[PDB]
Amino acid sequence: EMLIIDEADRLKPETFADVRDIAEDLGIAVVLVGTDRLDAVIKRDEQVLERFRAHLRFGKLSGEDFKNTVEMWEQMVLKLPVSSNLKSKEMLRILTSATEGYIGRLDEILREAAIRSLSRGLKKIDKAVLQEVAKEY
DNA sequence: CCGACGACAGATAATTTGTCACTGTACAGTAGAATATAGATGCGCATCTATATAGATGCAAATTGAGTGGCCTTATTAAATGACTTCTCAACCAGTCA
Numbered sequence: 139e140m141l142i143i144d145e146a147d148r149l150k151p152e153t154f155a156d157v158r159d160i161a162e163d164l165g166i167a168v169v170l171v172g173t174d175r176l177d178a179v180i181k182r183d184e185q186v187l188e189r190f191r192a193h194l195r196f197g198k199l200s201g202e203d204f205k206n207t208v209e210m211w212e213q214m215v216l217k218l219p220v221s222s223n224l225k226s227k228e229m230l231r232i233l234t235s236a237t238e239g240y241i242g243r244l245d246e247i248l249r250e251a252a253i254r255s256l257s258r259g260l261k262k263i264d265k266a267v268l269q270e271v272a273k274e275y
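139 is the number of the first residue of the first sequence in the authors' numbering; add one for each residue after it.
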C-alpha cells in the first residue's frame, strides 16, 4: 500500500521515472521524505512535482510546546535519581539559546548533560553544568 | 462687612483657510550593464565486461576386415575314362605241281 523514500534527493534525476511508473501502474503510495533542498531538486521537473504536490511539514518547537517537551525528555529519556525540573524559567532560557527549538539538539544536549552529570556523581542537572555543555555548540 | 468662587455675557488673539506676489530649480544624450562564480545538463569518446562461439583434441564403443587354431576310416578285387613305359615291325632258297 506504501513505499517510503528517505533522503529522496540522493536519487539521480532519471530514477524518478521509475518511481512515478511504480506509483501509477500499481496501487502503491510513494512517500518522499527530505529537506528544503529536495524541493529545489523537484521543481526542476514538472512531471514529478505534480505527482508529489501534497505535503506535510515538520516545524520547530516554541513557547508552551518547547516548555512541555523538556519535561517529557526529563521523564521519558533522562530518568535521573532526582528531578532537575528543566521546564523552570532560567533552565528554559539556557536550553532555548542552546537548542533553537530543534528536538535533535534537545535530545543531544540532554543526553550529554545527563551523562556529564551522572559521571560527576550529580543526581540532577544545575545551571553551571548545563552552560558548560551548551558553550561547546 | 470682607474675601473667594461660579454663571452668564462680552471682547479677543491663535488657528486654519484662502489669496497674492516673488523665487530656486530642472529642461538640458544617458544606469541598464559589466564581470565573476556555482550548479545542473548534455554529447562525445575511451575502457572495460560478458556472451558466443567453431575448430581442435582426446577418448570410447562399434563394428570390420584380416588372420589363426582345432577337428577328421581303410585295405583288396573288378569295370570305366584319362595318361605313361617296354617290345616288335628279315628277304630268297629249297622242296612240289599242273
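For each residue, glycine too, the CB sits at the ideal point set by N, CA and C.
Q. Can you list, in chain order, the residues of its chain whose CB lies under 8 angstroms from that of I166, leaving out five sequence neighbours each side?
A. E139, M140, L141 and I160
(Q) Let me check understanding here. Comparing Cα to Cα, which of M214, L233 and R254 lies closest to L244? (A) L233
Q.
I253 and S222 - do their beta-carbons sit closer together than 8 angstroms?
A. no
**Q.** 8 angstroms Cβ cutoff met for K181 and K205
**A.** no
Q: Please specify which runs of the alpha helix (DSSP H), each continuous and at least 4 residues long, are wholly inside the segment 159–246, giving them in chain order.
A: 174–180, 184–189, 201–211 and 227–237
Q. Can the beta-carbon of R191 be found less than 8 angstroms from the beta-carbon of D147?
A. no
Q) Distance, Cα to Cα, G259 vs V267? A) 12 angstroms
Q. What's the call for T173, buried or exposed, on a 16-neighbour Cβ count within 10 Å?
A. exposed
Q | The beta strand (DSSP E) enclosing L149, as first and last residue numbers | A | Taken as a continuous stretch (DSSP letters only), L149 belongs to no beta strand (DSSP E), as it is neither H nor E.
Q | Residue of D177, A178, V171 and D183 minimising C-alpha distance to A155 | A | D183
(Q) Just to confirm the assignment, what range does the beta strand (DSSP E) spanning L141 have? (A) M140 to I143
**Q.** Candidates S255, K265, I241 and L216, of which the one nearest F196 by Cα
**A.** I241
Q: Buried or exposed for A178, please, with buried defined as at least 16 other CB atoms from any protein chain shown within 10 angstroms of its CB.
A: exposed
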